[PDB]
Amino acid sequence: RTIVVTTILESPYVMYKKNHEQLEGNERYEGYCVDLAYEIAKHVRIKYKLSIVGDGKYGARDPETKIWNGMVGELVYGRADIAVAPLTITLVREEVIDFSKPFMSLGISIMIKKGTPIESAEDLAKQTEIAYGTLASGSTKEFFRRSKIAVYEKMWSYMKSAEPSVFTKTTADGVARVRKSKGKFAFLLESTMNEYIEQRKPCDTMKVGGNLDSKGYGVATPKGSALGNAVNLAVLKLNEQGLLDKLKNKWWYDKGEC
């Protein structure tokens, strides 16, 4: 009766509340996806427990082992009933899980330390002074790996062979690396995360240039799950009511710091 909602600690989607160590269950967490899960469960009429994905990954398939990890794996192997997270709708995932229509639109983007002389991916690719990387095990990395577009192929060739690694285990690690690198590291990550960090102290980063692609996050459910239809209608309803907009403003901009 209580459905398991897998998610991921990623600001400002899911974050520990100030005094989380004193709290239990869903009360431990707050953020955009916490509010979204709440609103969805209200419309779908279900009780639910939030579960931070053990491996802290979004979801990729190991090419030799064929096993899916991350939140995707939790749905594929039946350990979670739904994923409410900034989980990018991609072809390879759509082949193994279902997704609602997007609750958020976004694109890959470039984060720089303010003052870094970079305005575009083309700028990054043609030089080697400033290092650059992506999150490991996610859709941004796969974008570069899979691209057949010259600029992105070049970037991927550089990143894949870079030493030390330019692939971070979390978004937060990549941001920290941008902040501490005195302008010699730039981070490729989704515009949503980039825009959020731009609004937080110490206000030393910025998104530059246009997004590299155009895509969406969806609420995910096991292939053929009978929760799928209701979750999809719920997302559409929440969008048309203006609630998704309200939540984005709430967690990104209303308390912006920059």
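Note that residue numbering begins at 1 and tracks the sequence as displayed.
The PDB entry records a higher mean C-alpha B factor for 158 to 166 than for its counterpart among 158 to 166 and 82 to 90.
Between 98 to 106 and 171 to 179, the higher mean Cα B-factor belongs to 171 to 179.
Taking only the listed residues 59, 218, 202, 56, the entry reports the highest CA temperature factor at 202. If you compare the C-alpha temperature factors of 193, 33, 227, 50 in the entry, 227 comes out highest. Placement of the Cα temperature factor of residue 258 within the chain: highest third of the modelled residues, per the deposited record. In this PDB entry, residue 67 carries a Cα temperature factor that places it within the highest third of its chain's modelled residues.
Residue 139: CA B factor in the lowest third of modelled residues in this chain (values from the PDB entry). The deposited CA B-factor of residue 239 belongs to the lowest third of values across its chain. The PDB entry assigns residue 214 a C-alpha temperature factor belonging to the middle third of its chain's modelled residues.
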